[PDB]
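See below for work.pdb, which holds PDB, C-alpha atoms.
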ATOM      1  CA  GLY Q   1     -11.343 -12.531 -15.548  1.00  0.00           C
ATOM      2  CA  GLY Q   2     -11.838 -10.268 -12.560  1.00  0.00           C
ATOM      3  CA  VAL Q   3      -9.200  -8.590 -10.450  1.00  0.00           C
ATOM      4  CA  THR Q   4      -6.197  -9.386  -8.295  1.00  0.00           C
ATOM      5  CA  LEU Q   5      -6.378  -8.193  -4.694  1.00  0.00           C
ATOM      6  CA  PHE Q   6      -3.313  -7.488  -2.565  1.00  0.00           C
ATOM      7  CA  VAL Q   7      -2.732  -8.329   1.094  1.00  0.00           C
ATOM      8  CA  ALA Q   8      -0.603  -6.603   3.705  1.00  0.00           C
ATOM      9  CA  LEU Q   9       2.316  -8.764   4.801  1.00  0.00           C
ATOM     10  CA  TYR Q  10       3.235  -6.523   7.747  1.00  0.00           C
ATOM     11  CA  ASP Q  11       1.728  -3.687   9.787  1.00  0.00           C
ATOM     12  CA  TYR Q  12       2.554  -0.145   8.654  1.00  0.00           C
ATOM     13  CA  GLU Q  13       2.065   3.197  10.420  1.00  0.00           C
ATOM     14  CA  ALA Q  14       1.895   6.049   7.936  1.00  0.00           C
ATOM     15  CA  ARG Q  15       3.858   9.239   8.486  1.00  0.00           C
ATOM     16  CA  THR Q  16       1.639  11.363   6.223  1.00  0.00           C
ATOM     17  CA  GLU Q  17      -2.126  11.260   5.633  1.00  0.00           C
ATOM     18  CA  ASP Q  18      -1.433  10.675   1.901  1.00  0.00           C
ATOM     19  CA  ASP Q  19      -0.381   7.145   2.916  1.00  0.00           C
ATOM     20  CA  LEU Q  20      -2.608   4.487   4.456  1.00  0.00           C
ATOM     21  CA  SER Q  21      -1.869   2.932   7.802  1.00  0.00           C
ATOM     22  CA  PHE Q  22      -2.704  -0.771   7.772  1.00  0.00           C
ATOM     23  CA  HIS Q  23      -2.338  -4.087   9.540  1.00  0.00           C
ATOM     24  CA  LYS Q  24      -1.099  -7.497   8.463  1.00  0.00           C
ATOM     25  CA  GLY Q  25      -3.835  -9.361   6.623  1.00  0.00           C
ATOM     26  CA  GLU Q  26      -5.702  -6.260   5.384  1.00  0.00           C
ATOM     27  CA  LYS Q  27      -6.687  -6.463   1.714  1.00  0.00           C
ATOM     28  CA  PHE Q  28      -6.651  -3.802  -0.973  1.00  0.00           C
ATOM     29  CA  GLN Q  29      -7.729  -3.186  -4.529  1.00  0.00           C
ATOM     30  CA  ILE Q  30      -4.918  -1.347  -6.325  1.00  0.00           C
ATOM     31  CA  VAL Q  31      -6.188   1.877  -7.913  1.00  0.00           C
ATOM     32  CA  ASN Q  32      -2.928   2.781  -9.640  1.00  0.00           C
ATOM     33  CA  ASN Q  33       0.484   1.132  -9.767  1.00  0.00           C
ATOM     34  CA  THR Q  34       1.966   2.856 -12.826  1.00  0.00           C
ATOM     35  CA  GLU Q  35       3.660   5.845 -11.215  1.00  0.00           C
ATOM     36  CA  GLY Q  36       6.271   4.217  -8.969  1.00  0.00           C
ATOM     37  CA  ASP Q  37       6.849   1.805  -6.116  1.00  0.00           C
ATOM     38  CA  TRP Q  38       4.246   3.377  -3.850  1.00  0.00           C
ATOM     39  CA  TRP Q  39       0.810   2.442  -5.187  1.00  0.00           C
ATOM     40  CA  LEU Q  40      -2.564   4.123  -4.755  1.00  0.00           C
ATOM     41  CA  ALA Q  41      -4.765   1.549  -3.051  1.00  0.00           C
ATOM     42  CA  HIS Q  42      -8.329   1.195  -1.743  1.00  0.00           C
ATOM     43  CA  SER Q  43      -8.551  -0.705   1.543  1.00  0.00           C
ATOM     44  CA  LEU Q  44     -11.381  -3.183   1.835  1.00  0.00           C
ATOM     45  CA  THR Q  45     -11.189  -2.819   5.647  1.00  0.00           C
ATOM     46  CA  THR Q  46     -11.460   0.938   6.051  1.00  0.00           C
ATOM     47  CA  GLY Q  47     -12.762   1.949   2.645  1.00  0.00           C
ATOM     48  CA  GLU Q  48      -9.982   4.557   2.484  1.00  0.00           C
ATOM     49  CA  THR Q  49      -7.782   5.322  -0.507  1.00  0.00           C
ATOM     50  CA  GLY Q  50      -4.130   6.280  -0.185  1.00  0.00           C
ATOM     51  CA  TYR Q  51      -0.591   5.306  -1.064  1.00  0.00           C
ATOM     52  CA  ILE Q  52       0.882   2.039   0.192  1.00  0.00           C
ATOM     53  CA  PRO Q  53       4.476   0.788  -0.075  1.00  0.00           C
ATOM     54  CA  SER Q  54       4.576  -2.051  -2.607  1.00  0.00           C
ATOM     55  CA  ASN Q  55       7.155  -4.027  -0.603  1.00  0.00           C
ATOM     56  CA  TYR Q  56       4.586  -4.420   2.213  1.00  0.00           C
ATOM     57  CA  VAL Q  57       1.976  -6.260   0.119  1.00  0.00           C
ATOM     58  CA  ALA Q  58       1.654  -9.334  -2.077  1.00  0.00           C
ATOM     59  CA  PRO Q  59      -0.992 -10.451  -4.582  1.00  0.00           C
ATOM     60  CA  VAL Q  60      -3.592 -12.815  -3.169  1.00  0.00           C
ATOM     61  CA  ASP Q  61      -3.299 -15.996  -5.129  1.00  0.00           C
TER
ATOM     62  CA  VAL F   1       9.842  13.043  -6.316  1.00  0.00           C
ATOM     63  CA  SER F   2       6.093  12.570  -6.589  1.00  0.00           C
ATOM     64  CA  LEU F   3       4.269  10.538  -3.943  1.00  0.00           C
ATOM     65  CA  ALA F   4       4.585   7.309  -5.921  1.00  0.00           C
ATOM     66  CA  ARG F   5       8.371   7.681  -6.221  1.00  0.00           C
ATOM     67  CA  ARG F   6       9.396   8.285  -2.623  1.00  0.00           C
ATOM     68  CA  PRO F   7      11.827   5.816  -1.006  1.00  0.00           C
ATOM     69  CA  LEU F   8      10.186   2.620   0.314  1.00  0.00           C
ATOM     70  CA  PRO F   9      10.239   1.878   4.045  1.00  0.00           C
ATOM     71  CA  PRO F  10      12.689  -0.788   5.087  1.00  0.00           C
ATOM     72  CA  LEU F  11      11.223  -4.184   5.581  1.00  0.00           C
ATOM     73  CA  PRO F  12      10.475  -4.782   9.304  1.00  0.00           C
TER
END

Show the structure stored in the file as structure tokens.
Amino acid sequence: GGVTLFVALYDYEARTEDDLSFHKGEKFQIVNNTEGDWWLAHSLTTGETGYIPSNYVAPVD
Amino acid sequence: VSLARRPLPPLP
């Protein structure tokens, strides 16, 4: 039951406002992951929604 | 490519 959250493994500085900038340890709920290897995510730190690179996050066990 | 399908950044 419930959801799986994801955590940033590394800092990332976005180059476009479509993408989130984030810091190691930030957590996200994934809004959509069905379109490719960048995923639409909702940061629990900033409340923002934007694309994140899937190789920079891992599921929180 | 759509936003989801752009190349990924290299790992640090």

Which of Q:48, Q:26, Q:17, Q:61 sits closest to residue F:3 [using all atoms listed in the file]: Q:17

Assuming the chain letters and numbering stay as they are in my file, what does the ChimeraX specification (/F :<10) & /Q actually select? List them as a short mmCIF file (atom, residue, chain, number, x, y, z; two decimals) with C-alpha atoms, in the frame of the given file.
data_model
loop_
_atom_site.label_atom_id
_atom_site.label_comp_id
_atom_site.auth_asym_id
_atom_site.auth_seq_id
_atom_site.Cartn_x
_atom_site.Cartn_y
_atom_site.Cartn_z
CA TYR Q 10 3.24 -6.52 7.75
CA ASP Q 11 1.73 -3.69 9.79
CA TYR Q 12 2.55 -0.14 8.65
CA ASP Q 18 -1.43 10.68 1.90
CA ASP Q 19 -0.38 7.14 2.92
CA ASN Q 32 -2.93 2.78 -9.64
CA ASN Q 33 0.48 1.13 -9.77
CA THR Q 34 1.97 2.86 -12.83
CA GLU Q 35 3.66 5.84 -11.22
CA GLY Q 36 6.27 4.22 -8.97
CA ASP Q 37 6.85 1.80 -6.12
CA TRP Q 38 4.25 3.38 -3.85
CA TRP Q 39 0.81 2.44 -5.19
CA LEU Q 40 -2.56 4.12 -4.76
CA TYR Q 51 -0.59 5.31 -1.06
CA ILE Q 52 0.88 2.04 0.19
CA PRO Q 53 4.48 0.79 -0.08
CA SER Q 54 4.58 -2.05 -2.61
CA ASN Q 55 7.16 -4.03 -0.60
CA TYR Q 56 4.59 -4.42 2.21
#

Exercise: residue Q:41 partners within 6 Å, all atoms listed in the file, chain neighbours under 4 positions left out, as a list in words: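 So, after excluding close chain neighbours, the residues are residues 29, 30, 31, 49, 50 and 51 of chain Q.
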
Interatomic distance, atom CA of residue Q:16 to atom CA of residue Q:60 (Å, one decimal): 26.5 Å

Output check: residues returned by the PyMOL selection byres ((chain Q and resi 7) around 6), as a PyMOL selection string: chain Q and resi 6+8+25-27+57-58

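If you look at atom CA of residue Q:21 and atom CA of residue Q:2, they are 26.2 Å away from each other.
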
Close residues, residue Q:28 itself excluded, 6 Å, only C-alpha atoms, min 5 positions apart in chain, as a VMD selection string: chain Q and resid 5 to 6 42 to 44

Box for stretch 8-16 of chain Q - axis-aligned, 3 Å on each of the six sides, all listed atoms - centre and size in Å to one decimal, as JSON.
{"center_x": 1.6, "center_y": 1.3, "center_z": 7.1, "size_x": 10.5, "size_y": 26.1, "size_z": 12.7}
